[PDB]
Protein chains: 2
Amino acid sequence: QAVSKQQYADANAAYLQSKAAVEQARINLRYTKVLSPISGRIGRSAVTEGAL
Amino acid sequence: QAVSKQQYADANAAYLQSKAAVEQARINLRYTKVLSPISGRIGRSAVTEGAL
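About the cut-offs
Residues numbered from 1 in each chain as written, not as in the entry; some residues may be left out. Chains lettered and ligands numbered in written order. Part of a larger assembly, values for the part shown. Heavy atoms only, no water. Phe/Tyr/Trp six-rings, centres within 6.5 Å; stacked < 30°, edge-to-face > 60°. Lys NZ or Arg CZ within 6 Å of the ring centre and 35° of its normal. Salt bridge = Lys/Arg side-chain N within 4 Å of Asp/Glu carboxyl O. Helix = DSSP H or I, 4+ residues; strand = E, 2+ residues; numbered from the N terminus. Buried < 20%, exposed > 50% of the residue type's maximum accessible area, 1.4 Å probe, protein only.

- For this deposited structure, the header cites X-ray crystallography as the method used and 3.20 Å as the resolution.

- As recorded in the PDB entry, chain A goes by the name MULTIDRUG RESISTANCE PROTEIN MEXA, listed as coming from Pseudomonas aeruginosa.

What to know about the packing of aromatic side chains
Here comes step 1: The tally for this structure, following the rule as stated, stands at zero aromatic pairs over all chains.
Here comes step 2: Above the plane of the ring of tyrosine 31 of chain A lies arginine 30 of chain A, whose end atom (NZ or CZ) is 4.9 Å from the centre.

Structural notes on the pattern of salt bridges
Residue and element names in this part refer to chain A.
Here comes step 1: This model, assessed by the stated rule, comprises two salt bridges over all chains.
Here comes step 2: A salt bridge links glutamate 23 to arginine 26, with the nearest nitrogen and oxygen atoms 2.6 Å apart. Placement of the pair is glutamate 23 and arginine 26 together in helix α1 (residues 5-30), with a separation of three residues, close to one helical turn.
Here comes step 3: Residue classification places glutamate 23 among the partly exposed residues on the basis of a relative accessible area of 36%.

What follows is the structure, given as structure tokens:
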């Protein structure tokens, strides 16, 4: 009873939001490495280095 | 003349302060019994026993 159910709610609420954010962060970081989907034969790179 | 006007003043002074305090005390006590404003179907008590 040291704290209202509301407070604990808001708390666990933010906690979930965070855990969410981190997972999304992790995924984006991982992609800073664009790997090849299949094993075929790649050709020209339509995208140039240092491009956006 | 058995006592200065000052003394009687200070006296009646405290008396009023008291009478004041009591009334305020009375009101707070009365508010400890949370009554229903109207009649009808009440819902879920968004507050649990023991909770502040």
